[PDB]
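Working notes, beginning with the structure itself.
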Amino acid sequence: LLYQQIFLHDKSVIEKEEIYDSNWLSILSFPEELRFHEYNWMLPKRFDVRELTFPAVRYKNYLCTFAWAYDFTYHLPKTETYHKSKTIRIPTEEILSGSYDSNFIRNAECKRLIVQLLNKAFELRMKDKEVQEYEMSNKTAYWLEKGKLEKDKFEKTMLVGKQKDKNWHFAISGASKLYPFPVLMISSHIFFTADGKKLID
Amino acid sequence: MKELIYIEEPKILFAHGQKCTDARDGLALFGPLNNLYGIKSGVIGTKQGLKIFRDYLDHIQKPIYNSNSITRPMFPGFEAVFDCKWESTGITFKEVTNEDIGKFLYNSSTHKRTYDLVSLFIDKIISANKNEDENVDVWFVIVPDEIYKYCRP
Amino acid sequence: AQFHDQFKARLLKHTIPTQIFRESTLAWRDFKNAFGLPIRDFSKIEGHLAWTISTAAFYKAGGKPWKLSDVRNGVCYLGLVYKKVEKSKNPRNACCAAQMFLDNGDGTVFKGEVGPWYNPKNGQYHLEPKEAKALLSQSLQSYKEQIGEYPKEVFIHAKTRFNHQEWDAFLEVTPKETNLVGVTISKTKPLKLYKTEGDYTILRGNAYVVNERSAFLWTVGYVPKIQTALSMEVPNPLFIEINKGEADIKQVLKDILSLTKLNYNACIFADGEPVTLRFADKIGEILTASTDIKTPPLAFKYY
DNA sequence: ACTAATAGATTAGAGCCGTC
RNA sequence: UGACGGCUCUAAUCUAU
């Protein structure tokens with residue numbers, strides 16, 4: 001390198017404004033208050049927050065969800081006699097600001113169940129959409145079938161690629177975290193398939 | 001958010017107060033901070049433990065061009081860089097033949113063969129440091145590839 | 001079966017510098033696969049390659065390839081990594097392995113502590129208050145003997161968030177002149193940002209301070225001279241957060257980046273982790289192979 | 001009594017892979 | 001274990017139904 005740039009090793013760095021886009025997804029809107037429904041016998045005491053159509057979590061003697069009590073009439077048709085005023089409502093802005101401190105539920109604790117209602121919410125979406133999934137070791141990747149999308153590409157960029165006989169699919173595994181602020185921890189992963197329609201075991 | 005601070009890179013000292021941020025570029029021209037006059041080295045290994053090291057012992061003070069100097073800077077040699085000498089002299093080749101390494105290699109118990117191959121090598125080094133006079137500095141245990149590829153956790 | 005850790009565990013009594021070398025990595029041309037090609041393309045990187053096995057041999061022989069000149073006086077870069085002892089019967093306890101950096105650039109090391117009240121196999125990775133005064137005072141005394149006074153501050157680097165049950169026991173042995181700050185290095189945080197134009201990752205040294213306590217320092221990334229980043233894809237910036245104590249997070253980024261160029265076993269532009277803990281866990285795995293060693297605050301020319 | 005609890009957000013670990 | 005990456009694949013823990 002001409003005696004290592006004439007034995008100087010220049011910085012070779014320029015100072016210009018560069019815009020860098022991250023891998024996160026920012027928050028815009030959220031429900032004004034989340035509801036801690038008090039079902040008691042209304043919800044079977046043996047089975048708790050594992051089958052409801054909408055994302056719901058259980059805490060103490062109460063069920064917490066972003067929907068209303070009358071929104072689970074199919075899987076649990078018993079909820080038509082519930083009296084709605086026992087449901088506990090808590091505005092979200094109070095939890096984030098730290099002013100929410102009740103013996104019923106704590107502030108740092110309350111920030112943990114909402115992300116559960118979030119991190120489990122997206123998997124209900126791509127099920128309705130034309131997106132399939134693969135169960136990763138620690139997360140749940142979501143990939144697109146080979147040939148399901150038109151002309152093998154979407155927006156003139158690759159989504160299914162050819163590697164010899166096998167194929168690869170770009171799969172994202174998003175998560176909900178609230179450390180800097182409410183964000184969607186969208187991560188860039190990739191998984192392969194044996195022939196584009198069957199996965200490599 | 002719409003911000004990204006760039007923090008400064010510190011510079012490491014070198015010979016007679018030289019400050020270059022990079023290590024390889026600042027050492028291929030300016031030399032190490034401290035001076036030692038020679039490397040007293042020893043080689044312990046199989047029959048090829050010397051010869052492969054021997055072909056490489058003199059191959060480091062001899063310059064070898066890099067494919068791309070910008071990414072991988074040139075190196076002129078051990079003597080031209082480290083202000084010292086690294087050659088084949090004063091070496092004490094311990095003869096751990098493949099037959100003695102093999103009677104310890106082919107052991108059913110993994111915990112025994114990792115201990116046995118340690119004791120067979122460790123004792124031969126401390127003895128040279130105890131019942132001998134050769135002042136050693138760095139010991140180059142040339143473990144055969146058949147060992148670390150098989151005797152692996 | 002990692003007898004290389006067993007190699008240098010039984011040599012600590014005699015303190016013999018050693019360098020485990022391989023026929024495969026020294027005769028790469030001789031070693032080929034079944035398809036007529038070498039198993040490891042090796043001599044195309046014959047730059048830093050010969051540097052590493054020489055500068056380490058230089059280091060194992062007592063050489064000093066470089067130093068540090070941008071370090072304050074009265075500052076210790078403590079870095080401790082807890083290592084499981086599964087080599088023994090149970091991992092119910094986990095040994096720690098810390099180290100210390102001086103103002104003189106002499107990166108030392110010392111054996112850490114064992115987890116006595118270690119909650120089950122893998123607890124929160126924290127030393128007990130009864131032995132909390134052991135590690136810090138030993139590190140402070142090690143600095144005290146060669147400087148004459150306790151340091152103005154210590155930066156306890158770790159991959160584990162510290163808790164109050166050990167920091168309260170830290171205080172009564174720390175003089176008030178020591179700013180006992182604790183900086184947790186966590187690569188697990190999945191921050192990632194790109195470049196809209198160009199197939200190059202972002203420059204190493206970029207940082208994003210989220211709040212007055214935490215930050216994200218890109219110790220690995222694109223470089224100003226080598227023109228090729230020290231990575232393939234965009235890496236996770238190292239999450240630096242002042243766990244306890246008051247300090248300037250901007251000034252902290254001086255220290256984290258500074259302890260990445262110096263790695264006295266390799267010749268690379270920088271390290272993706274602070275060597276105050278990259279070197280610290282370089283003794284934990286060796287010292288966990290055998291538990292019958294009482295070792296002093298040794299140097300790195302033996303491990 | 002705990003019997004276990006499903007999840008946050010953490011931890012060390014072994015793996016092969018590339019090492020323009 | 002040249003040495004630097006990087007995630008994969010596993011495993012474990014405390015804070016609360």
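To be explicit about the labels: the chains of the structure tokens are called A, B, and onward in the order shown, and within each one the residues are counted from 1, while ligands get numbers from 1 in the order they are shown.
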
Using only C-alpha atoms (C1' of nucleotides), what does the table of chain D residues within 10 Å of chain A look like, with each row giving the shortest atom pair and its distance in Å to one decimal, sorted by chain and ascending number, as a Markdown table?
| residue | atom | partner | partner_atom | distance |
| --- | --- | --- | --- | --- |
| D:6 | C1' | A:50 | CA | 9.0 |
| D:7 | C1' | A:116 | CA | 7.3 |
| D:8 | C1' | A:112 | CA | 5.4 |
| D:9 | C1' | A:112 | CA | 8.9 |

Just-selected residues, N, CA, C and O atoms (P, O5', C5', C4', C3', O3' and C1' of nucleotides) written as a PDB file, in the first residue's frame:
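Okay, this is what ended up in again19.pdb:
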ATOM      1  P    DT D   6     -48.255 -24.678  32.586  1.00  0.00           P
ATOM      2  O5'  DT D   6     -48.779 -23.973  31.250  1.00  0.00           O
ATOM      3  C5'  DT D   6     -47.870 -23.699  30.189  1.00  0.00           C
ATOM      4  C4'  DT D   6     -47.996 -22.260  29.722  1.00  0.00           C
ATOM      5  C3'  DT D   6     -46.800 -21.743  28.930  1.00  0.00           C
ATOM      6  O3'  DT D   6     -47.219 -20.758  27.987  1.00  0.00           O
ATOM      7  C1'  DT D   6     -47.001 -20.500  30.907  1.00  0.00           C
ATOM      8  P    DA D   7     -46.351 -20.488  26.660  1.00  0.00           P
ATOM      9  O5'  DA D   7     -44.941 -19.965  27.218  1.00  0.00           O
ATOM     10  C5'  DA D   7     -44.466 -18.657  26.889  1.00  0.00           C
ATOM     11  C4'  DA D   7     -45.197 -17.597  27.693  1.00  0.00           C
ATOM     12  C3'  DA D   7     -44.374 -16.371  28.058  1.00  0.00           C
ATOM     13  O3'  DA D   7     -44.435 -15.407  27.010  1.00  0.00           O
ATOM     14  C1'  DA D   7     -45.456 -17.195  29.986  1.00  0.00           C
ATOM     15  P    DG D   8     -43.119 -14.587  26.583  1.00  0.00           P
ATOM     16  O5'  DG D   8     -43.274 -13.174  27.320  1.00  0.00           O
ATOM     17  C5'  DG D   8     -43.028 -13.071  28.716  1.00  0.00           C
ATOM     18  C4'  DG D   8     -42.566 -11.676  29.087  1.00  0.00           C
ATOM     19  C3'  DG D   8     -41.333 -11.189  28.333  1.00  0.00           C
ATOM     20  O3'  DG D   8     -41.343  -9.771  28.252  1.00  0.00           O
ATOM     21  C1'  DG D   8     -40.802 -11.390  30.602  1.00  0.00           C
ATOM     22  P    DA D   9     -40.289  -9.005  27.310  1.00  0.00           P
ATOM     23  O5'  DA D   9     -38.939  -8.990  28.169  1.00  0.00           O
ATOM     24  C5'  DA D   9     -38.915  -8.364  29.447  1.00  0.00           C
ATOM     25  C4'  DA D   9     -37.667  -8.755  30.220  1.00  0.00           C
ATOM     26  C3'  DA D   9     -36.346  -8.552  29.471  1.00  0.00           C
ATOM     27  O3'  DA D   9     -35.377  -7.971  30.349  1.00  0.00           O
ATOM     28  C1'  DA D   9     -36.484 -10.763  30.244  1.00  0.00           C
TER      29       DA D   9
END

Dump as a count of residues only the residues of chain B that approach chain E to within 10 Å, counting only C-alpha atoms (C1' of nucleotides).
-> 3

Distance query stretch 40-55 of chain B at most 9 Å, only C-alpha atoms (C1' of nucleotides), self and fewer than 4 positions along chain excluded, as JSON, numbers by chain = {"B": [59, 86, 87, 88, 89, 90, 91, 92, 93, 94, 95, 96, 97, 98, 101, 121, 124, 125, 135, 136, 137, 138, 139, 140, 141, 142, 143, 144], "C": [22, 23, 26, 27, 61]}

May I have the residues from that selection written out with N, CA, C and O atoms, as a short mmCIF file (atom, residue, chain, number, x, y, z; two decimals), in the first residue's frame?
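Saved to result_38.cif:
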data_model
loop_
_atom_site.label_atom_id
_atom_site.label_comp_id
_atom_site.auth_asym_id
_atom_site.auth_seq_id
_atom_site.Cartn_x
_atom_site.Cartn_y
_atom_site.Cartn_z
N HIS B 59 9.73 -19.98 8.17
CA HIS B 59 8.80 -19.40 7.21
C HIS B 59 8.12 -18.14 7.72
O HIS B 59 7.29 -17.57 7.01
N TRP B 86 13.63 -15.39 15.78
CA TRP B 86 12.84 -16.60 16.01
C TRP B 86 13.27 -17.62 14.96
O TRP B 86 12.77 -17.61 13.83
N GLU B 87 14.20 -18.50 15.34
CA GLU B 87 14.76 -19.47 14.42
C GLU B 87 14.93 -20.80 15.15
O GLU B 87 14.64 -20.91 16.35
N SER B 88 15.41 -21.80 14.42
CA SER B 88 15.59 -23.15 14.95
C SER B 88 16.94 -23.23 15.66
O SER B 88 17.96 -23.58 15.07
N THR B 89 16.94 -22.91 16.95
CA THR B 89 18.14 -23.04 17.77
C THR B 89 17.73 -23.18 19.23
O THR B 89 16.81 -22.50 19.70
N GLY B 90 18.41 -24.09 19.93
CA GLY B 90 18.09 -24.34 21.32
C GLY B 90 16.79 -25.09 21.54
O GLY B 90 16.30 -25.15 22.67
N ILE B 91 16.23 -25.68 20.49
CA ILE B 91 14.98 -26.42 20.61
C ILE B 91 15.26 -27.78 21.25
O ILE B 91 16.28 -28.42 20.97
N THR B 92 14.35 -28.21 22.11
CA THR B 92 14.44 -29.50 22.80
C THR B 92 13.25 -30.34 22.37
O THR B 92 12.19 -30.32 23.01
N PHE B 93 13.41 -31.07 21.27
CA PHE B 93 12.33 -31.89 20.74
C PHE B 93 12.09 -33.09 21.65
O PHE B 93 12.88 -34.04 21.65
N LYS B 94 11.01 -33.05 22.42
CA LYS B 94 10.62 -34.20 23.22
C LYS B 94 9.99 -35.25 22.32
O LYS B 94 9.08 -34.95 21.53
N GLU B 95 10.46 -36.49 22.43
CA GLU B 95 10.05 -37.56 21.53
C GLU B 95 8.84 -38.27 22.12
O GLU B 95 8.96 -39.35 22.71
N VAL B 96 7.66 -37.68 21.95
CA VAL B 96 6.41 -38.36 22.27
C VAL B 96 5.93 -39.07 21.01
O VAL B 96 5.12 -38.54 20.24
N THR B 97 6.44 -40.28 20.79
CA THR B 97 6.17 -41.02 19.56
C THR B 97 4.68 -41.33 19.42
O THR B 97 3.93 -41.33 20.39
N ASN B 98 4.27 -41.59 18.18
CA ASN B 98 2.88 -41.94 17.92
C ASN B 98 2.46 -43.23 18.60
O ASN B 98 1.26 -43.45 18.80
N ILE B 101 1.68 -42.04 22.24
CA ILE B 101 0.45 -41.26 22.17
C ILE B 101 -0.73 -42.15 21.82
O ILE B 101 -1.87 -41.89 22.23
N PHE B 121 1.98 -35.25 28.70
CA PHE B 121 2.59 -34.03 28.18
C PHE B 121 3.02 -33.06 29.27
O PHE B 121 4.06 -32.42 29.14
N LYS B 124 6.37 -34.15 31.11
CA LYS B 124 7.55 -33.98 30.28
C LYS B 124 7.97 -32.53 30.14
O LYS B 124 9.11 -32.26 29.73
N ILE B 125 7.09 -31.58 30.46
CA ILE B 125 7.45 -30.17 30.41
C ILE B 125 8.01 -29.72 31.76
O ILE B 125 9.03 -29.02 31.82
N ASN B 135 17.01 -23.25 29.88
CA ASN B 135 16.06 -22.21 30.25
C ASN B 135 15.06 -22.01 29.12
O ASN B 135 15.38 -21.39 28.10
N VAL B 136 13.86 -22.54 29.30
CA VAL B 136 12.81 -22.46 28.28
C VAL B 136 12.01 -21.19 28.49
O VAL B 136 11.91 -20.66 29.60
N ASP B 137 11.43 -20.68 27.40
CA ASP B 137 10.60 -19.49 27.45
C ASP B 137 9.18 -19.75 26.97
O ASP B 137 8.22 -19.39 27.67
N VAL B 138 9.01 -20.36 25.80
CA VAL B 138 7.70 -20.72 25.27
C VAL B 138 7.76 -22.16 24.77
O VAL B 138 8.68 -22.52 24.03
N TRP B 139 6.78 -22.97 25.17
CA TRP B 139 6.70 -24.36 24.76
C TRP B 139 5.60 -24.51 23.72
O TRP B 139 4.45 -24.14 23.97
N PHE B 140 5.95 -25.06 22.56
CA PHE B 140 5.04 -25.18 21.43
C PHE B 140 4.58 -26.63 21.33
O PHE B 140 5.20 -27.44 20.62
N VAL B 141 3.50 -26.96 22.03
CA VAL B 141 2.96 -28.32 22.05
C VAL B 141 2.22 -28.53 20.74
O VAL B 141 1.09 -28.06 20.56
N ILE B 142 2.85 -29.25 19.81
CA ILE B 142 2.26 -29.53 18.50
C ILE B 142 1.37 -30.76 18.68
O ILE B 142 1.80 -31.89 18.48
N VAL B 143 0.13 -30.52 19.06
CA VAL B 143 -0.83 -31.62 19.22
C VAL B 143 -1.26 -32.11 17.84
O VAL B 143 -1.70 -31.29 17.02
N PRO B 144 -1.15 -33.40 17.55
CA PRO B 144 -1.60 -33.91 16.25
C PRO B 144 -3.08 -33.64 16.04
O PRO B 144 -3.88 -33.66 16.98
N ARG C 22 -1.06 -27.01 16.23
CA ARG C 22 -1.74 -28.10 15.56
C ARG C 22 -1.03 -28.40 14.25
O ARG C 22 -0.51 -27.49 13.60
N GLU C 23 -1.01 -29.68 13.87
CA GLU C 23 -0.53 -30.03 12.54
C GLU C 23 -1.44 -29.48 11.45
O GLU C 23 -0.95 -29.04 10.40
N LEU C 26 -0.75 -25.76 11.02
CA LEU C 26 0.61 -25.47 10.62
C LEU C 26 1.01 -26.14 9.32
O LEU C 26 2.03 -25.76 8.73
N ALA C 27 0.25 -27.13 8.86
CA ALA C 27 0.48 -27.84 7.61
C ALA C 27 -0.78 -27.84 6.77
O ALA C 27 -1.19 -28.86 6.21
N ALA C 61 6.43 -15.15 25.58
CA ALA C 61 7.83 -15.01 25.96
C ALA C 61 8.09 -13.74 26.76
O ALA C 61 9.25 -13.46 27.10
#

Please identify all polymer residues within 8 Å of residue C:270, counting only C-alpha atoms (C1' of nucleotides), omitting same-chain residues fewer than 4 positions from it, and present them as an MDAnalysis selection string.
-> chainID C and resid 219:220 230 260:262

Coordinates-based distance that separates atom CA of residue C:50 from atom CA of residue A:3 (Å, one decimal) | 19.2 Å

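One distance worth recording is that between atom CA of residue C:20 and atom CA of residue B:145, which is 11.2 Å.
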
All strand (DSSP E or B) residues (DSSP, backbone) inside stretch 18-249 of chain C, as number ranges by chain | C: 18-22, 32, 38, 75-76, 79, 81-84, 94-100, 108-114, 153-158, 179-186, 193, 203, 206-208, 214-217, 222, 238-244

Looking at only C-alpha atoms (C1' of nucleotides), which of A:52, A:105, A:199, A:2 is the one that sits closest to chain E?
->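 Smallest separation from chain E among the options: A:105.
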
Smallest atom-to-atom distance to chain A: which of B:33, B:13, B:74, B:62, using only C-alpha atoms?
->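 So, comparing all the options, the nearest one is B:74.
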
Would you give me, as JSON, numbers by chain, the residues of chain C that come within 8 Å of chain B, using only C-alpha atoms?
-> {"C": [1, 2, 3, 6, 7, 10, 11, 14, 16, 17, 18, 19, 20, 21, 22, 23, 24, 26, 27, 44, 45, 46, 47, 48, 50, 51, 54, 57, 58, 60, 61, 62, 63, 64, 65, 66, 67, 68, 69, 70, 205, 206, 207, 208, 209, 225, 226, 227, 228, 253, 254, 257, 258, 261, 262, 267, 268, 269]}

Can you write out the residues you just picked, keeping C-alpha atoms, as a PDB file, in the first residue's frame?
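Once everything was written out, this is out_12.pdb:
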ATOM      1  CA  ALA C   1     -12.423 -33.762  27.126  1.00  0.00           C
ATOM      2  CA  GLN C   2     -11.185 -30.188  26.533  1.00  0.00           C
ATOM      3  CA  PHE C   3      -7.744 -31.195  27.776  1.00  0.00           C
ATOM      4  CA  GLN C   6      -6.580 -29.263  31.579  1.00  0.00           C
ATOM      5  CA  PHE C   7      -3.250 -28.467  29.891  1.00  0.00           C
ATOM      6  CA  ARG C  10      -1.955 -28.359  36.038  1.00  0.00           C
ATOM      7  CA  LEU C  11       0.850 -26.047  34.836  1.00  0.00           C
ATOM      8  CA  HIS C  14       5.129 -24.348  37.736  1.00  0.00           C
ATOM      9  CA  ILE C  16       5.299 -22.647  32.185  1.00  0.00           C
ATOM     10  CA  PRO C  17       4.252 -20.543  29.169  1.00  0.00           C
ATOM     11  CA  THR C  18       2.745 -22.805  26.522  1.00  0.00           C
ATOM     12  CA  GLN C  19       1.240 -22.626  23.029  1.00  0.00           C
ATOM     13  CA  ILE C  20      -0.903 -25.536  21.836  1.00  0.00           C
ATOM     14  CA  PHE C  21      -0.186 -25.770  18.103  1.00  0.00           C
ATOM     15  CA  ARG C  22      -1.744 -28.102  15.556  1.00  0.00           C
ATOM     16  CA  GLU C  23      -0.527 -30.033  12.536  1.00  0.00           C
ATOM     17  CA  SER C  24      -3.685 -28.995  10.667  1.00  0.00           C
ATOM     18  CA  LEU C  26       0.612 -25.468  10.618  1.00  0.00           C
ATOM     19  CA  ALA C  27       0.484 -27.836   7.606  1.00  0.00           C
ATOM     20  CA  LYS C  44      -4.583 -16.449   1.796  1.00  0.00           C
ATOM     21  CA  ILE C  45      -4.827 -14.669   5.175  1.00  0.00           C
ATOM     22  CA  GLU C  46      -1.091 -15.115   5.838  1.00  0.00           C
ATOM     23  CA  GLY C  47      -0.961 -11.615   7.293  1.00  0.00           C
ATOM     24  CA  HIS C  48      -2.577 -11.455  10.738  1.00  0.00           C
ATOM     25  CA  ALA C  50       1.614 -15.140  11.162  1.00  0.00           C
ATOM     26  CA  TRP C  51       1.061 -12.080  13.359  1.00  0.00           C
ATOM     27  CA  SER C  54       4.076 -14.649  16.545  1.00  0.00           C
ATOM     28  CA  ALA C  57       4.629 -16.245  21.016  1.00  0.00           C
ATOM     29  CA  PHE C  58       6.041 -12.763  21.564  1.00  0.00           C
ATOM     30  CA  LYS C  60       4.099 -15.835  25.856  1.00  0.00           C
ATOM     31  CA  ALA C  61       7.829 -15.006  25.963  1.00  0.00           C
ATOM     32  CA  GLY C  62       7.206 -11.739  27.819  1.00  0.00           C
ATOM     33  CA  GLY C  63       7.031  -9.312  24.908  1.00  0.00           C
ATOM     34  CA  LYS C  64       4.888  -6.174  24.902  1.00  0.00           C
ATOM     35  CA  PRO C  65       3.518  -5.552  21.390  1.00  0.00           C
ATOM     36  CA  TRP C  66       1.749  -2.328  22.422  1.00  0.00           C
ATOM     37  CA  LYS C  67       0.189  -0.410  25.315  1.00  0.00           C
ATOM     38  CA  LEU C  68      -2.643   2.033  26.027  1.00  0.00           C
ATOM     39  CA  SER C  69      -2.216   5.813  26.065  1.00  0.00           C
ATOM     40  CA  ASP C  70      -5.844   7.033  26.327  1.00  0.00           C
ATOM     41  CA  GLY C 205     -17.716   3.267  16.752  1.00  0.00           C
ATOM     42  CA  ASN C 206     -21.302   4.287  16.037  1.00  0.00           C
ATOM     43  CA  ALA C 207     -23.371   4.574  19.206  1.00  0.00           C
ATOM     44  CA  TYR C 208     -26.953   5.287  20.266  1.00  0.00           C
ATOM     45  CA  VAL C 209     -27.507   6.597  23.794  1.00  0.00           C
ATOM     46  CA  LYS C 225      -8.861   2.093   6.936  1.00  0.00           C
ATOM     47  CA  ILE C 226      -9.224  -1.663   6.341  1.00  0.00           C
ATOM     48  CA  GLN C 227     -12.364  -0.736   4.291  1.00  0.00           C
ATOM     49  CA  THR C 228     -13.935  -4.092   5.224  1.00  0.00           C
ATOM     50  CA  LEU C 253     -17.729   4.719  25.443  1.00  0.00           C
ATOM     51  CA  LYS C 254     -14.072   5.740  25.668  1.00  0.00           C
ATOM     52  CA  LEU C 257     -13.902   0.771  22.626  1.00  0.00           C
ATOM     53  CA  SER C 258     -10.401   1.155  24.094  1.00  0.00           C
ATOM     54  CA  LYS C 261      -7.880  -3.083  20.113  1.00  0.00           C
ATOM     55  CA  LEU C 262      -5.562  -4.732  22.662  1.00  0.00           C
ATOM     56  CA  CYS C 267      -3.757  -9.170  15.540  1.00  0.00           C
ATOM     57  CA  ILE C 268      -7.152  -7.815  14.479  1.00  0.00           C
ATOM     58  CA  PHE C 269      -8.353  -4.230  14.200  1.00  0.00           C
TER      59      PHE C 269
END

Exercise answer, chain A residues close to chain C, 8 Å and only C-alpha atoms, as an MDAnalysis selection string | chainID A and resid 9:13 19:24 180 185 187

Please tabulate, as JSON lines, the residues of chain A that come within 8 Å of chain B, each with its closest pair of atoms and the distance in Å to one decimal, counting only C-alpha atoms and ordering rows by chain, then residue number upward.
{"residue": "A:1", "atom": "CA", "partner": "B:69", "partner_atom": "CA", "distance": 6.4}
{"residue": "A:4", "atom": "CA", "partner": "B:25", "partner_atom": "CA", "distance": 7.1}
{"residue": "A:7", "atom": "CA", "partner": "B:29", "partner_atom": "CA", "distance": 7.1}
{"residue": "A:9", "atom": "CA", "partner": "B:20", "partner_atom": "CA", "distance": 7.5}

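If you count only C-alpha atoms (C1' of nucleotides) and ignore residues fewer than 5 places along the chain from stretch 118-125 of chain A, what sits within 10 Å of it is residues 53, 54, 55, 56, 66, 113, 130, 131, 133, 140, 141, 142, 173, 174, 175, 176, 177, 184 and 185 of chain A.
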
When the cut-off is 10 Å and we count only C-alpha atoms (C1' of nucleotides), which residues of chain D are near chain C, given as a ChimeraX atom specification?
-> /D:10-13,18-20

Atomic separation - atom CA of residue A:189 relative to atom CA of residue C:235, Å =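 If I compute the distance from atom CA of residue C:235 to atom CA of residue A:189, I get 13.2 Å.
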
If we count only C-alpha atoms (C1' of nucleotides) and set the cut-off at 6 Å, which residues sit around stretch 155-170 of chain A, ignoring sequence neighbours fewer than 6 positions away in its own chain? Please answer as a PDB file with N, CA, C and O atoms, in the first residue's frame.
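Contents of the output file out.pdb:
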ATOM      1  N   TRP A 143     -42.587 -18.143   7.230  1.00  0.00           N
ATOM      2  CA  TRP A 143     -42.033 -18.151   5.885  1.00  0.00           C
ATOM      3  C   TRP A 143     -43.161 -18.210   4.864  1.00  0.00           C
ATOM      4  O   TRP A 143     -44.325 -18.436   5.203  1.00  0.00           O
ATOM      5  N   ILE A 190     -33.584 -16.661   8.476  1.00  0.00           N
ATOM      6  CA  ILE A 190     -33.753 -17.376   7.217  1.00  0.00           C
ATOM      7  C   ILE A 190     -33.791 -18.866   7.524  1.00  0.00           C
ATOM      8  O   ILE A 190     -33.007 -19.367   8.335  1.00  0.00           O
ATOM      9  N   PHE A 191     -34.715 -19.570   6.875  1.00  0.00           N
ATOM     10  CA  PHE A 191     -34.835 -21.013   7.010  1.00  0.00           C
ATOM     11  C   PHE A 191     -34.976 -21.639   5.631  1.00  0.00           C
ATOM     12  O   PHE A 191     -35.422 -20.991   4.680  1.00  0.00           O
ATOM     13  N   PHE A 192     -34.593 -22.907   5.532  1.00  0.00           N
ATOM     14  CA  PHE A 192     -34.522 -23.610   4.259  1.00  0.00           C
ATOM     15  C   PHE A 192     -35.611 -24.673   4.167  1.00  0.00           C
ATOM     16  O   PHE A 192     -36.233 -25.055   5.161  1.00  0.00           O
ATOM     17  N   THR A 193     -35.829 -25.151   2.943  1.00  0.00           N
ATOM     18  CA  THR A 193     -36.772 -26.227   2.674  1.00  0.00           C
ATOM     19  C   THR A 193     -36.147 -27.205   1.692  1.00  0.00           C
ATOM     20  O   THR A 193     -35.299 -26.833   0.877  1.00  0.00           O
ATOM     21  N   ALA A 194     -36.576 -28.467   1.782  1.00  0.00           N
ATOM     22  CA  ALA A 194     -35.972 -29.517   0.966  1.00  0.00           C
ATOM     23  C   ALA A 194     -36.244 -29.302  -0.519  1.00  0.00           C
ATOM     24  O   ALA A 194     -35.340 -29.454  -1.348  1.00  0.00           O
ATOM     25  N   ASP A 195     -37.483 -28.955  -0.875  1.00  0.00           N
ATOM     26  CA  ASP A 195     -37.827 -28.726  -2.273  1.00  0.00           C
ATOM     27  C   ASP A 195     -38.724 -27.505  -2.448  1.00  0.00           C
ATOM     28  O   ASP A 195     -39.409 -27.391  -3.472  1.00  0.00           O
ATOM     29  N   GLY A 196     -38.737 -26.591  -1.479  1.00  0.00           N
ATOM     30  CA  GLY A 196     -39.592 -25.430  -1.518  1.00  0.00           C
ATOM     31  C   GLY A 196     -40.953 -25.625  -0.886  1.00  0.00           C
ATOM     32  O   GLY A 196     -41.572 -24.641  -0.468  1.00  0.00           O
TER      33      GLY A 196
END

Do you have, as a Markdown table, the list of residues of chain A lying at most 8 Å from chain E, each with its nearest atom pair and that distance in Å to one decimal, counting only C-alpha atoms (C1' of nucleotides) and ordered by chain then number?
| residue | atom | partner | partner_atom | distance |
| --- | --- | --- | --- | --- |
| A:58 | CA | E:17 | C1' | 5.5 |
| A:59 | CA | E:17 | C1' | 4.4 |
| A:60 | CA | E:17 | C1' | 5.4 |
| A:109 | CA | E:16 | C1' | 6.8 |
| A:137 | CA | E:9 | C1' | 7.1 |
